[PDB]
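Participant: Please find the sequence and an experimentally derived structure below.
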Amino acid sequence: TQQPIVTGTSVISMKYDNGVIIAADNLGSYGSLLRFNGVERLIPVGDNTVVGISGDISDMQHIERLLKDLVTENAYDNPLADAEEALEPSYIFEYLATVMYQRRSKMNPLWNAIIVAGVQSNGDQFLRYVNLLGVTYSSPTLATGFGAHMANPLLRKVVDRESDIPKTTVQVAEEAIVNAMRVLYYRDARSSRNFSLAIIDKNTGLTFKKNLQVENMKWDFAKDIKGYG
Amino acid sequence: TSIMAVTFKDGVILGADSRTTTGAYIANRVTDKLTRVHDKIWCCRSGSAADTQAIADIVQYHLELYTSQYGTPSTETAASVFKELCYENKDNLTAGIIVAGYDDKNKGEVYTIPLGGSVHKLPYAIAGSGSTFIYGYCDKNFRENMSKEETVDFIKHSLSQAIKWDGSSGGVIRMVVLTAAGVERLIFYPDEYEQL
Amino acid sequence: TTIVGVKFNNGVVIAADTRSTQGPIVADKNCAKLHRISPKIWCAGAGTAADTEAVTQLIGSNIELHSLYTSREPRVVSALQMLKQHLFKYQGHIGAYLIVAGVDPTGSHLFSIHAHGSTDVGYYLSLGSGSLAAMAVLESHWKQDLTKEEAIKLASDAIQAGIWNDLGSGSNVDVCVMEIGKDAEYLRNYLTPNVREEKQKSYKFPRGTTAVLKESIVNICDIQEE
Amino acid sequence: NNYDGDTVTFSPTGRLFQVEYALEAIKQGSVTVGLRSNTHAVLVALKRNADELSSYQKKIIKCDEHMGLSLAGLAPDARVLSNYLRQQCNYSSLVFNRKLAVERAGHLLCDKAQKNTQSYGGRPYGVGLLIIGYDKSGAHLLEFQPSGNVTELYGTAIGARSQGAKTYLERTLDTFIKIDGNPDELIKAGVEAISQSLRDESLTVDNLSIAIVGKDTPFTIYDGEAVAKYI
Amino acid sequence: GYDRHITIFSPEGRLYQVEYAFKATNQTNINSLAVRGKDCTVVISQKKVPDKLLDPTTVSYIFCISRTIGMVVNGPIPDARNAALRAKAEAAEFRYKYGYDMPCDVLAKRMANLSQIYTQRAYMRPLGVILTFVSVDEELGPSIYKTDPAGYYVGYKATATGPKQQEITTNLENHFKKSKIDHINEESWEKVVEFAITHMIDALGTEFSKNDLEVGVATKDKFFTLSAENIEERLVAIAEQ
Amino acid sequence: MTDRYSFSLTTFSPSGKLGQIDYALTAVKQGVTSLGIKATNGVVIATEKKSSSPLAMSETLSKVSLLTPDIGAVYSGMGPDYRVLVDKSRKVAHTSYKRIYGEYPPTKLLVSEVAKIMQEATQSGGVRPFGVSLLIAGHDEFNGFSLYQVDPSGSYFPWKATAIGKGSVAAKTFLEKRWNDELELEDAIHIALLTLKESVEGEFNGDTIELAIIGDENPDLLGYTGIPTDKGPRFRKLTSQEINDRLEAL
Amino acid sequence: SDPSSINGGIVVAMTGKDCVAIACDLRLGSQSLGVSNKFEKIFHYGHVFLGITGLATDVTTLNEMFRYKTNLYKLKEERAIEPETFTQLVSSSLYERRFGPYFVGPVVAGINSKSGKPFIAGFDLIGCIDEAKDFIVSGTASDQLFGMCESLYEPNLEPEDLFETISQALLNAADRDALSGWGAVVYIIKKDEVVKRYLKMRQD
Amino acid sequence: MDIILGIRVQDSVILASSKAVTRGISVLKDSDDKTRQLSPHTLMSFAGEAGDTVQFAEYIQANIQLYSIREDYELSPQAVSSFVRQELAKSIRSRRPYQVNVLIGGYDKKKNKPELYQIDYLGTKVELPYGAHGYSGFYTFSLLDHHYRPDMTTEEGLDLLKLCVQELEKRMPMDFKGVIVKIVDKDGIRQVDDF
Amino acid sequence: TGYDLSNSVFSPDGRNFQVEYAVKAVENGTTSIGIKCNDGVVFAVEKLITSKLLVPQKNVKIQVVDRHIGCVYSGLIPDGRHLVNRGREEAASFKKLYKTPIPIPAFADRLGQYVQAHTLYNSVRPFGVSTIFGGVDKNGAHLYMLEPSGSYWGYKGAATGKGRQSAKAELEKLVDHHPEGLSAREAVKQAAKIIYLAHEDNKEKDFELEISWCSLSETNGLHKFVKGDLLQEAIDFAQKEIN
Ligand SMILES: [Cl-]
Ligand SMILES: [Mg+2]
Ligand SMILES: [Mg+2]
Ligand SMILES: [Mg+2]
Ligand SMILES: [Mg+2]
């Protein structure tokens, strides 16, 4: 049993016709102090998987080292390490889910909420969640923390059920994700303007975008607001 | 406690106050909080004095044994050893450590390890109870690639303000300069920094 | 308890009061708080009295074995390192707060150590319930380059401040002087400013005052021959 | 001679006699054949009875839905090693949601056998194994020796008189590797291969044991009247 | 005759496995020498690189145990590196526990005690090495302490080890009989190294190039090894007088 | 790995002999001579510093060792075995006595502890016996001055005077003629030097002889003043000069 | 609830001219309930006397433990243990249970058989030694005993005068404590004679 | 368990123990025998926590019976009581202590004397002319302090015991359903079947 | 005699005969080599084709440790795998505590101490392999060779197995004719030639060539297997030189 010290906020994600998108901001909070401003919370594994992590940053850095070791280990005595026997998103998730549930069962959890986003060998989209309790679930859209309450409602308007996925392009999906990040910046006190975004597509592969900013913000209407009654 | 480390053109400088308190009593007014774990790898300690002394002694041992086998360790390696002790024993430790060092290949580097045992590489770092009062000042006044004299002034002015507002900080301002030229100790007394 | 340590020209001096208490009651009026770790390394203890004695004797024992193993006279930094690592491991549950002082081939040394395992360096230190009274005197009269005579005077004055002003401290002043290139001189009851005045009355009873039911000889001797 | 008392002793020419004696136990065992195409992999095994009242000792063990082996030598040692393979296949599925690659299974068996050849008190395993499987890189066949040596092959045979079947497969190499999408013809080739190792006895209905795994075929073992079609 | 295979007493009260470990000590066919100056301690050792395919920079029998302590080994390299790793670990642990640098004589005693255990416990074999530890001790000054497979150790004014140790030993003995002092009366370590090389040349009757020698020097607060070019400068000075 | 020698390496032979112990005693017989003499007001122990090389500094090799402030030890046999036994003896004096009773053990009981360690190396699994015989001299309040011999088997005996190692048979005869119950410490030292000269071939002086006494308390060697009851160690190693002074009155 | 005051009782020791005295009450109780008036708290191992107050199960256990240890001491040392040495043994034995201690207040009294010097000592439950020249007190009426001893005691009292002093110290202290009394014993100890006297006192 | 009383007279020891077993709301039994014979001339009664009482008593019984067989000899009451005290003194610093209080009544055949020992769950032992555990002594000791004589007969002891039980039945709030009474003397152990 | 019946026993010579017998198993194995080039290392091994039934390119012999170290060995193949497994554990623990990937000299001693430990007791058998290994670290390229005794040194070129004498002679020519150094691509070509030339000691059966390399410029300091066109080019160069 512990308490989280340095923490990261929401991770948000969704499926579209040819793949998946995932995003998270670059802040490391120390309670209400916005202490660290250059923290990368999306960690790519190969060219087919991106793992997005919220919660305790010390535990995130540990998980990052576990994934790095997983890639090293998979390559051992494996001639097809960059082909048929490469790490799949499904393999990476199941491993993390096993670790998370084992750690909660020893009453010593990794204080995180994790979303694994990727594309499988057969082109199928992969998107699944796991947290400090070992709880897992899948959905056309997934989000952690504040994102669950504010991003999901917006992302579900684009893809409401499974049959909406083939009708959703990458342009429409990215647009929806970027808007959700703006909404979170307006309303989450532990969020930042700077964020990272990753697209995993079955045709164009992994596109990793750093140093993105929330833009097109509405503040002008504040000038007319006076007093409290 | 008020501690900081700042990278500059020729390397890195560590800074600290000298006050150690038991409640409101000053148990030591001339404490040395800048501790050597290797020739040109030092650290600033905050939190439990017992914990940070224990950790620093273990790190000094680890780096002494590393040096005998593999030669001079990098600052990153020293930070990693600090992290391993802080992360794995997070339930039983209260330690906030800043690691600073000079390589010839990497030059001046600063790593901060907060309570949870995470690591963060930064151009400069501030920690301790007094640091809260100088987040604004340090963010506005820090520049990359400053001179030795400019960096001494930046730290002197920063810790002066931390001491002024934080009751748990005070005494003399100690500094350790890490460059290719060697290791230099500096000390600044109240009559100097209080009039800044 | 009041304990102090003071560095001087060619060595270091340590001093203590002689009162030990259980709550508000004085258990012993002439307690010995200056303990020997080794011939020229001495320490004074505050806190849990059994812990201060036990940790002193354990490290003192191991220091003696270390000295014999290495064919070298014991060092103060060794006593310090062994004390702090023992205390840290027990996470403050061994309630020993010590001032450690001594001379060795490296020179003269003065350290403090707290129950959780933290240590500190200084030219003048004080510990115990009378430490604030003692430190007030030390902060008023300490200077660089004190002589032996000046340091003994300063140390005993600091203990006196504890004796008169702290209820936890009292009775006599004990002093130990450790000078470089000399035998450490332990000065038991260096000052005696608290002798009890003669009582108004003798309370010796007439013989036969106490009522007795039975008398018998107690056999303390072993089983006898023949 | 003076160097065969335990597995912890090299001979003056650098040989390990206890390991060589363990290898000898395989040669006394009954013949078993392995071969594969690009779609399927087949095991054929001649089972041995004690007498006419007794059953015929089983030779083929299933390790997972996609993997299994045949044995020759000490049967209890095959049970220990196949149990270990079952556990490792299982660990891979439970922890990584991943079917264990046949090549990695061979590496694990090698390392387990090696530890018994370098330490005092223990003994080498006294059994040889032919592992077939279908994974993400297609059909596979492996040969295991208790020396620790594991080898990937198109076809092979181990046990008594296995040299006859091995030569036949070496001739037929170009034909049986091309038998894709036809399980019956691949088994026919395996039954014809194991026939080159028979003397005095022939393949009967309780004598023959066949196993197959492939593209859309879970590892299944055929015994009894299920192999009469191939007799 | 299993009293010859393990470390138990023979009928003569001898330990044959220990005696045979002393013989393994000369398997490398290398000679080493150590001497003391006023402010320093010097150790030199022969360097032989018999294969052209070898990287000569990796061929070494001198070890930097701690900042202050150096160690030269006579014996096979596997056992040498075994002893080197253990000595490094012991020196580091000592500093951590007792708060000061492990003295040269104390490390020698510790490694000698470990060796004694291998002569008494059957499951462990002796290491086929002789270890010469050097430093400038903060209490005792320039120091040479040498350990062997029997678990014996002692301090030396100077010492020699290897197949031709006797020739070097007698040469050193004769010099100290003349001077009547326990050290080389010289200010600089450079000249103490020159003395050491000169007297090894005299004793062995062989000339040395820069690649034929290996040199370690202990001064106050550091032990270091010389490069081939540093040794060359030493050889030039010897030849010029 | 693991120590797989869990069985005894010393066993009874058909004749009832414990071979390894006998062979250990043979190793002691080859060792350099050491002796001990008890006087009315002290005990003396002595041996030869047989230097292996003249380049070796024989002062760095201590054959006579302080075990406690009032107890000293010398040996004959295998030097390394002696060194580790001195380490174990010094520690056991603390762990099994001083940390319990707050005082150093009496001579006879420390001897008993050393003897136990040597006995166990004669029965425990996978070890050989120690190849040394020890002579332990000491003083304690209630037993006075005493001298003990400890052998590889773990057996120990008290002596008025004795010798072990190389020339022990001749030395013991020499001691029988000279010893009486009225000897003063200086007389015992004189007899020790006379006895030791017979077994020494080469140089015989303060630099080649190691000699120590258990005698009066030495307050000058205590290292501190102020505690009346603490009066200093009774063990004292004689200097090279002190030995040479008594070699002129020889 | 407090283990050191469940059973009740007191011990006091004093020094005189060439003599020592040690005394105790006889009560054992279960809080308010008086259970026994014959529970003696002073034991002896040779010529060394040990009084123990506190939790009665630990009093009995420690007596058995020190009888055990002093018997082995005598067999090995071939002599009776002295007061100074036994004091260190009590201290060592108590500290070895530092974090699960015996809830007791031991008191040692005796004369060194070689020097003839009178000796007394006291301990807290975990082993800290109090070696007073004058007197040592222990138990549920230790405050009362401190008051009595401080006023009644004078140095160099003859054996028969010391008896009166220590008796009056115990009796009057016990009569101001609910959990002490129900009888009392006084030991007068000289170099080679020890007298034991049971005192008459109120039984409430 | 509740009331356990003991009295040592001239030539015997008498133990009286209540018959009720109550589990919270209901009295489950009214004929429970809270005693175990440890040896032919030694009886132990017990009271404390449910389960632990019988477990401890049977454990002690097994151990004394083992000693009796091994040595072909009956331990003295003093020796048995010391063994029991040590077991409880050991138990009080265990992970989960035995919460059991006992009385040991024995006739010493060597000394020809009855003996009564009272031991609580801490390992507090006393030898007494009469004893009890719990609240039993609070009601009965004033009667025993008045009437008890060391030269009493067994019949006089039983009569004094009846007076004690009558006072308990009057002033105690709990119904303990009477007592089973057992006598320990030179001839062994017997139960008084009408009380 | 009897000194050779038990590991860790010194003979009257001061020799460990069991270790010398392990060397015989190494000398019985196939030929493996290592070449240190300008900014890296190349490893190559001879794989004997015992039968047509062996699947080409499948039974891989060279092994990677971490991502920057290559290992090849001759002798008992299982023993080599056991040593590489330990090496992988040593590399993982080093990187765990110190962050940086294990330096090659550091890694060399880890293998060395482990192999040496198997010469200390009679309850274990010495390793029946000689291992050639190396890679690129912060101080550049390093090539090592480790023997059953635990003995290891750094090398410019290394060879072991049945055709080691032939290979060594070829390596010595390259050292003499190129004091300035050899390129990584040249070293691959030369490695192919040397294995083909060393195959004369194993001429009865035909073989399969297997090459790997770590180079700062060619592989970014990572260990990779030589495949496809680059492998065929090296095979052609080798076949041209033997004719
Ligand atoms: Cl040791
Ligand atoms: Mg302030
Ligand atoms: Mg051995
Ligand atoms: Mg009362
Ligand atoms: Mg009353």
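Facilitator: Good, I have the coordinates. Numbers count the residues shown, from 1 in each chain, chains lettered A, B, ... in the order given. Ligands and ions are numbered 1, 2, ... in the order given.
Participant: The residue in chain D positioned nearest to chain E: neighbouring residues, count only.
Facilitator: Distances from chain D to chain E, computed as Cβ to the nearest Cβ, single out residue D:120 as the nearest residue at 10.7 Å. Every residue, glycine included, has its C-beta placed from N, CA and C. Residue crowding around residue D:120 was assessed by other Cβ atoms under 10 Å in any protein chain shown; the count is 17.
Participant: likewise the one 3 residues further on?
Facilitator: Neighbour count for residue D:123, taken as other Cβ under 10 Å: 16.
Participant: ditto for residue B:129
Facilitator: The criterion is other Cβ under 10 Å. On that basis, residue B:129 has 18 neighbouring residues.
Participant: Residue C:182 now?
Facilitator: When counting by other Cβ under 10 Å, one arrives at 16 neighbours for residue C:182.
Participant: does chain D sit close to stretch A:57-76?
Facilitator: No. Using Cβ under 8 Å from any Cβ of the partner chain, stretch A:57-76 never reaches chain D; the gap is at least 9.0 Å.
Participant: Could you confirm whether the stretch of helix or strand residue A:99 belongs to reaches chain D?
Facilitator: Under the criterion of DSSP states H and E, residue A:99 resides in helix A:89-105. Yes. Helix A:89-105 comes into contact with chain D (Cβ under 8 Å from any Cβ), by way of A:90-91, A:93-95, A:98.
Participant: Correct me if wrong: residue C:101 contacts residue C:80.
Facilitator: No. Distance between residue C:101 and residue C:80: 10.6 Å, which falls outside the contact criterion (Cβ atoms under 8 Å).
Participant: quick one: common contacting residues for those two?
Facilitator: Between them, residue C:101 and residue C:80 share these contacting residues under Cβ atoms under 8 Å, 6 or more residues apart in numbering or on different chains: residue C:111.
Participant: Those two: who's more crowded?
Facilitator: residue C:101 (31 against 25).
Participant: which stretch of helix or strand covers that one?
Facilitator: Counting by DSSP H and E, the element that carries residue C:101 is strand C:96-104.
Participant: Just give me the neighbour total for the closest residue to chain B within chain H.
Facilitator: Taking Cβ to the nearest Cβ as the measure, the point where chain H comes nearest chain B is residue H:95, at 23.9 Å. Burial measure for residue H:95: 4 neighbouring residues, criterion other Cβ under 10 Å.
Participant: Give me the distance between it and residue H:51.
Facilitator: To residue H:51, residue H:95 is 16 Å away according to Cβ to Cβ, to the nearest Å.
Participant: Residue B:184 touches residue B:176, doesn't it?
Facilitator: Yes. Counting by Cβ under 8 Å, residue B:184 sits close enough to residue B:176 to count as a contact (7.3 Å).
Participant: what about the two, which has more around it?
Facilitator: residue B:176 (22 against 12).
Participant: Tell me if the more buried one really is in a strand.
Facilitator: Yes. Note on residue B:176: a strand contains this position according to DSSP: H, G, I helix; E, B strand; the rest coil.
Participant: ok, back up a step: what about the helix or strand just after the helix holding residue A:99, distance to the chain center?
Facilitator: Once helix A:89-105 ends, the next helix or strand along the chain (criterion: DSSP H and E) is strand A:112-119. For strand A:112-119, the distance from its own C-alpha centre to the chain's C-alpha centre is 6 Å (Cα atoms, centre = their mean, to the nearest Å).
Participant: Just checking: what are the partner strands of strand A:112-119?
Facilitator: According to DSSP bridges, strand A:112-119 has the following sheet partners: strand A:49-56 (antiparallel), strand A:125-131 (antiparallel).
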